[PDB]
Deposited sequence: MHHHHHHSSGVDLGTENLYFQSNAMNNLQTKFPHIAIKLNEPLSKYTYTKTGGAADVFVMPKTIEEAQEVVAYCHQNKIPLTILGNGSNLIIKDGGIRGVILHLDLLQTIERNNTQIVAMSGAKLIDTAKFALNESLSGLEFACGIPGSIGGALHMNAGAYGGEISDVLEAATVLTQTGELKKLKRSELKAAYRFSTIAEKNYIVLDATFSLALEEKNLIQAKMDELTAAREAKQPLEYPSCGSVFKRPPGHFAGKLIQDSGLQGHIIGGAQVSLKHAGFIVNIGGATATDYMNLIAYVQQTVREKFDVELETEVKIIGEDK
């Protein structure tokens, strides 16, 4: 409980670590117990330990899709940053859950493998990707997810196949901790994949603030409306609270113009939600995950 580091020396662990250092928005209060496993077995022992002692456990990828309140988070947060491997395996790609999705789409191209193009620009880890059935440009992880190695809440490995894997995953429910993923790709010319990747980078760059830290598109798309358009239409574009701003480039993004805090994010998110429902009677529901409690 407080006793974890005792049982497992040799497992890189940290005390009361402020998470903003590891999050894509550069925000979030501290997490009381922060663990980074070098090994799969290490991940197992910790998951099992927390389960058995009923200690709430959270898995943090790169927080490119979450906001962590300044009250921080209770229990143990596991970050699988050290599980980084990416491998070639005939027409198939195997990547560990701590690998960056962008690197996995870079690899694919070096091998003349097609099917990942859609992810050359999606930030975050492979673990987050499977958890979110990450997708962009009509493409999606489920389109090419072959197999995954996972940890059940009790700590056991479970090797999954297509059948057992099923809009931004059966991984989400069933609360599996992804350890590595296998994508079924197809052989195709470098040039053709290149033209898609350039097309996609061009497209995304033209429309997204990639320069600023942010989570992604903050809201799910309301039936027959664009999040961004509503926001923009409600006069909220450019709005600032503390160090947070409804992006002047894409109104559905809240960028960090410097020193933003999770409080700032939650506050801007709520004010947008509130203003939008007053002008158009539409419920903007967050896409981005919200975790920790109120400081």
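Note: segments 1-24, 191-192, 195 of the deposited sequence have no C-alpha coordinates in the structure.
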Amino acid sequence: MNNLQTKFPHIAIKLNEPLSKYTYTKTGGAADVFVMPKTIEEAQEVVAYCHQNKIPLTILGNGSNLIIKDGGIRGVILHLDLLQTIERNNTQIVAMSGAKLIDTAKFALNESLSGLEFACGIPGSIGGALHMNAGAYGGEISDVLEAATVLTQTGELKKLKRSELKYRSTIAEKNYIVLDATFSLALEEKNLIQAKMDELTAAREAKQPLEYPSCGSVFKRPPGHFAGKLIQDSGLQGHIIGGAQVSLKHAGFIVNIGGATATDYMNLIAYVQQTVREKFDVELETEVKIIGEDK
From here on, numbers count along this sequence of modelled residues.
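For the pair 7-15 and 271-279, the mean B factor over Cα atoms is greater in 7-15.
Averaged over CA atoms, B-factors in the entry run higher in 183-191 than in the other of 146-154 and 183-191. Considering 161, 131, 207, 79 together, the PDB entry gives 161 the largest C-alpha B factor. In this structure the maximum Cα B-factor among 72, 216, 127, 213 is found at 72. When the modelled residues of the chain are ordered by C-alpha B-factor, residue 227 sits in the middle third. In this PDB entry, residue 53 carries a Cα temperature factor that places it within the highest third of its chain's modelled residues. Annotation for residue 28: CA B-factor lies in the middle third of the chain's modelled residues. In this PDB entry, residue 106 carries a Cα temperature factor that places it within the middle third of its chain's modelled residues.
In the deposited entry, the Cα temperature factor of residue 138 places it in the highest third of its chain's modelled residues.
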